[PDB]
Amino acid sequence: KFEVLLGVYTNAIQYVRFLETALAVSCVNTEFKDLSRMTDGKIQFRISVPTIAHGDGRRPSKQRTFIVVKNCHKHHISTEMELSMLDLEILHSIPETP
Amino acid sequence: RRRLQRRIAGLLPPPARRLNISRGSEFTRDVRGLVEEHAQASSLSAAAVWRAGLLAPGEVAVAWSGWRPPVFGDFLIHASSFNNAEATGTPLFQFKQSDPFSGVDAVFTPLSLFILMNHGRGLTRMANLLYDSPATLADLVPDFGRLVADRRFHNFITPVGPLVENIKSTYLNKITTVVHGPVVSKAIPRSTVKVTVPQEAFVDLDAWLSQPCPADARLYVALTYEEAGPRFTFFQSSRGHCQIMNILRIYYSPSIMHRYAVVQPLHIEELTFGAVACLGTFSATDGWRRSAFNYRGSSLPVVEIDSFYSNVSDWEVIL
Amino acid sequence: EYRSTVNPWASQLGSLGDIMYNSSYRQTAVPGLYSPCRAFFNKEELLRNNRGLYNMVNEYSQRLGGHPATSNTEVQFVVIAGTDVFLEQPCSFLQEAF
Amino acid sequence: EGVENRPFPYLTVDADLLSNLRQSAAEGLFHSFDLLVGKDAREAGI
Amino acid sequence: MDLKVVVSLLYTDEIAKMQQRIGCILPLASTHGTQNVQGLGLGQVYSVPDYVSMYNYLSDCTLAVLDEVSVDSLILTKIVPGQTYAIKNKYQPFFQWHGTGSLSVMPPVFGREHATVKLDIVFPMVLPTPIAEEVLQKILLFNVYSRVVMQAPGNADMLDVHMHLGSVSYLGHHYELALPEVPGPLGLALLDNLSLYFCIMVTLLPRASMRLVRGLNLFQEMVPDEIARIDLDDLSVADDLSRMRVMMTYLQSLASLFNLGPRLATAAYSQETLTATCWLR
Amino acid sequence: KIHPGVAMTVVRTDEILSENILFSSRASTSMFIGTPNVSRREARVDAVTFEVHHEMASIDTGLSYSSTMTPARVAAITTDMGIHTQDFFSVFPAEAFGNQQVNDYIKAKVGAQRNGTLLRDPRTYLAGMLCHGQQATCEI
């Protein structure tokens, strides 16, 4: 009287991309192939403010201009996977056996 | 017998130790194969992984040279104990904590370990500038003044090699130290890390003596117990450990008289006068090039050991 | 404005509350317990948010700005890990209990 | 305070990023900014 | 490189007893490819046992962390000073390992039946170095304080020497030692001549400590008392020479044995899986 | 159960497990997704250990706030909003009275030293370091 096995199943890990999900609506992306080379990023705004001419005697603000810059951030992520040396000594050989 | 020939045909060829060249200007295929070293990192694609030879067993080779890979230590520490603006190559000192299952470690820079020596009684400007509150460092050790008094501080601090990677975490920092092996950085563009030891703590021992020129000049640490508190002096010496203990007794012979004069060893545990340990070997020709460590407004002078090979040893007492 | 305090035994600078609750919190303290009064009595926390409004709104969300408790434990401890512990807290933002 | 003022070719976006600006720079939403009022509001010398 | 050693010889209980110890280390006779059953460690030297012969055999021959256990073979890998290894603390006196601690391979003092597999594969005890020197003191002083109460029972109290010498406390972990209460006179037990080596070391020491300060300053003469300093000054020169030679040999060999010998050095211990990334040192 | 001369005012704290709503406007930041790099970081004889890396570099392209995060609903409350006052005999275990026999009388009459197994956050402790839920520590 035997020991049947009725199936050997597994899950298919579906790929998830950042540009396939809808969180990417909130930020515009760019493949910058050498990011570790970059030590500091910078973007610079110049906001030339207009002014109302006033007839009452007040201290009048002249032509103002804000120069605000925004420095980039750096996020470095890393997981850690393992591989048996028995699964590499067969990978770096050539077999002649079924 | 031909299958075994094909097996040995991959196992026969050693690394090219010599290569008769005709011109250096030609830069042949053979001298290029002699000089080329396989990298430890590549882009995450099958072509770059297969060409970097990361999947090769034991070593890296695209498909034994004297190059052994380093072994790293990973330490989850309290983020208030460590300062993230320290230099990359600085040696660290793990304190073996007394609680059985603590998941947070206690490491110490020689600046971080200095304000343990001071509080209870240059560097002290920088060591008080880096750590604004020494009371958060004085409770990492549960009983510092007790453990110093009965002379059991050396067998509780174990050196863990110089830092290489420090991710700036908010509450529970994680640091990477080369606890043994070639001190080389882990970075996406690989660069050199130099072991930074402060200059007023680092005392040279080859020049303190003032024709045999050896290859490697090993670096030593020295936790020594004095009357003003314990000290951490870093010794550079070209001679072996059997020579370093004799010359360290010769170097510290006045301080044994001072410690015997200013206090009296009325107990039996006060007999030990410090202990030293080897921190690793570096080259004797180009070692210990002096530099600076610039913090926000002050800078202490630092000595920078380049091409360091961390290999820590257990403490050898000086008496 | 018609009185200075509702109790002088805790509101004063050297009162009983500033005996037993005004202690500077350190991660390496030997009890390690969580006291919910320490957000109201720390002089280093009552003057922590004297910086401007947008620079308090910035540091409110960007990190665990001050005194969280460990969730999913039996007794409340102050956190030391902070890896998967995400929580916001208005009781340090506006210093009032309900 | 960490900002350079060079005669850059500034791209002219159409965003409404003037709204609550002189009050936001006062409280300190910007980590580093330069206010140029009067003659300082010029495309500077090269 | 080729690092496997295939020692050829098990039934189901012996296999299952070998599988519980499938990660721990054991000494090999020779650094060769295919070995025999006797080549595995401590079966010819620990079967009266003594610590000095087991220590000499353990520091002498090579070691090996075993990997797999077959029906007839024991595929095991030797350890060389070059590369790094992964060892597991599967030993019956359980001592919690911590990160970056020097691990010592000391021969089994906690009984033969604690660390053996009677097919007789006698594995050595791999326990950290401060616990190693602490347990070595607490078995050595126990043998001394048991021999003095087998000699004179009014000198030491047996209940006094079991409160201190039966408890090791390193890093908060409190350990209790399985100690022999009846070691038997005239030796015939473990640690029987190492505790007797020490007594020859201590006896000839005040005869020799005066011998150097007479031969060869003021600081070295204040820390001892006066009576041991000015003790005899008149002995037979050949007898003094023989005592000096035996004292120097039993000083140097005892000190090399008080160094714990084969010293591994772990880096990253993980009690989630009980493995420690070690190497030879 | 008679009144003392004082009137204590308890303070608790309560964890409210919420379910937040993160809004973030379109093209707020501008990220620079680098390339993945695998690096071998532990090569022992049993199993080599790879550590892949990745680096991104976000930068906000607006001046004001461009995200918001409100709670939507209370999923649950986790702390029992009850009466578990913490004891100062665990917070300050070094402080003691003059007599020892009044000390071990006070610590026996109050619920002193009920538990001493955990003196620090549990998450920090390794593996193998009260039937209710998280107890809200009252504070008089």
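cryo-EM is the method the PDB entry lists for this structure, together with a resolution of 3.8 Å.

Draft legend 1. How the structure looks around the overall build of chain D. Along the backbone of chain D there are one helix and one strand. Accessible surface, chain D: about 3400 Å² in total, of which carbon and sulfur atoms supply 52%. Positive and negative charge centroids in chain D, built from 4 and 8 side chains respectively, lie 10 Å apart.

Draft legend 2. The arrangement of the side chain of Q134 of chain F in detail. Among the secondary structure elements, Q134 of chain F is positioned in the loop between α2 (100–109) and β7 (135–138). Here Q134 of chain F falls in the buried class, since its relative accessible area comes to 4%. Looking at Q134 of chain F, its side chain comes within polar contact range of the main-chain oxygen of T70 of chain C, at 2.7 Å. Those residues in contact with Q134 of chain F that lie beyond four places of it in its chain are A69, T70, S71, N72, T73, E74 and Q76 of chain C together with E15, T78, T79 and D80 of chain F.

Draft legend 3. Molecular detail of the interface of chain B and chain C. Contact with chain B, which involves eleven residues of that partner, is made by nine residues of chain C. On the chain B side of the interface with chain C, the three residues burying the most area are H78, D139 and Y171 of chain B, jointly 59% of the side's total. Joining chain B to chain C, the criterion identifies zero salt bridges. Inspection of the chain B/chain C interface yields five residue pairs in polar contact. Looking at the side of chain B that touches chain C, its residues break down into six nonpolar, four polar and one charged.

Draft legend 4. Expanded view of the pattern of salt bridges. Within the structure shown, the criterion is met by 20 salt bridges over all chains. Residue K42 of chain A pairs with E4 of chain D through a salt bridge whose shortest N-O separation is 2.4 Å. Pair noted here: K42 of chain A is in strand β2 (residues 42–49) and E4 of chain D is in the segment before α1 (24–27), and the two residues belong to different chains. Owing to a relative accessible area of 41%, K42 of chain A belongs among the partly exposed residues under this scheme. In this structure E4 of chain D comes out as buried when scored by relative accessible area, which is 18%. One salt bridge connects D40 of chain D with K39 of chain D, and the closest N-O pair in it is separated by 3.5 Å. Classification of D40 of chain D by relative accessible area gives partly exposed; the value is 31%. One continuous salt-bridge network, built from bridges that share partners, spans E80 of chain A, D74 of chain B together with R41 of chain F.

Draft legend 5. Seen up close, the sheet that holds β2 of chain A. An order of β2(A)-β3(A)-β1(D) is seen for the three strands of this open sheet, with the pairing classed as antiparallel. Strands with a single pairing partner mark the edges of an open sheet, and in this sheet they are β2 of chain A together with β1 (33–35) of chain D. Put simply, the sheet's adjacent strands are angled 10° from each other on average, direction ignored.

Draft legend 6. Spatial organisation of helix α5 (residues 123–130) of chain B. All names here are of chain B. Among all positions in α5, only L123, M126, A127 and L130 are buried. Seen end-on, α5 carries its buried residues on one side only, within an arc spanning 100°. On its buried side, α5 packs onto α4 (114–118), β6 (195–198), β11 (289–294) and β12 (299–305).

Draft legend 7. Up close: the sheet that holds strand β13 (residues 275–279) of chain E. Residue and element names in this part refer to chain E. Pairing is antiparallel across the open sheet formed by three strands, whose spatial order is β6-β13-β12. The open sheet has two edge strands, β6 (84–88) and β12 (269–270), and neither has a second partner. Both β6 and β13 contribute to a ladder of five bridges, which runs antiparallel. Bridge pairing links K88 to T275 in β13.

Draft legend 8. Focus on helix α5 (residues 54–62) of chain C. Those residues of α5 of chain C lying buried are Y54, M56 and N58 of chain C. The elements touched by buried residues of α5 of chain C are α6 (91–94) of chain C together with α1 of chain D.

Draft legend 9. Up close: the environment of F72 of chain B. For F72 of chain B, the location among the structural elements is in strand β2 (residues 71–78). Residues in contact with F72 of chain B, not counting those within four places in the same chain, are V164, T176, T177, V178, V184 and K186 of chain B, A267 of chain E together with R41 of chain F.

Draft legend 10. Expanded view of the arrangement of the chains. The top pair by number of contacts, from a total of ten pairs of chains in contact, is chains A and F. Regarding chain C and chain E, the two do not touch, and the least distance separating their C-alpha atoms is 15 Å. Spatially, chain D and chain E are disjoint, and the shortest separation between their C-alpha atoms is 41 Å.

Reading the values: the criteria
- Residues numbered from 1 in each chain as written, not as in the entry; some residues may be left out.
- Chains lettered and ligands numbered in written order.
- Part of a larger assembly, values for the part shown.
- Heavy atoms only, no water.
- Helix = DSSP H or I, 4+ residues; strand = E, 2+ residues; numbered from the N terminus.
- Areas by Shrake-Rupley, 256 points an atom, 1.4 Å probe, with all protein chains shown as cover.
- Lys, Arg positive; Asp, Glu negative; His and termini not counted.
- Charge placed at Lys NZ, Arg CZ, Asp CG, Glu CD.
- Buried < 20%, exposed > 50% of the residue type's maximum accessible area, 1.4 Å probe, protein only.
- Polar contact = N/O pair within 3.5 Å; in protein donor to acceptor, adjacent residues only side chain to side chain.
- Contact = heavy atoms within 4.5 Å.
- Buried area = accessible area lost by both parts, 1.4 Å probe.
- Salt bridge = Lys/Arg side-chain N within 4 Å of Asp/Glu carboxyl O.
- Nonpolar A, V, L, I, M, F, W, Y, C, P; charged D, E, K, R; others polar.
- Pairing = 2+ DSSP bridges.
- Axes fitted to C-alpha atoms, helices over the stretch in contact; angles between N-to-C directions.
- Arc of directions from axis to C-beta.

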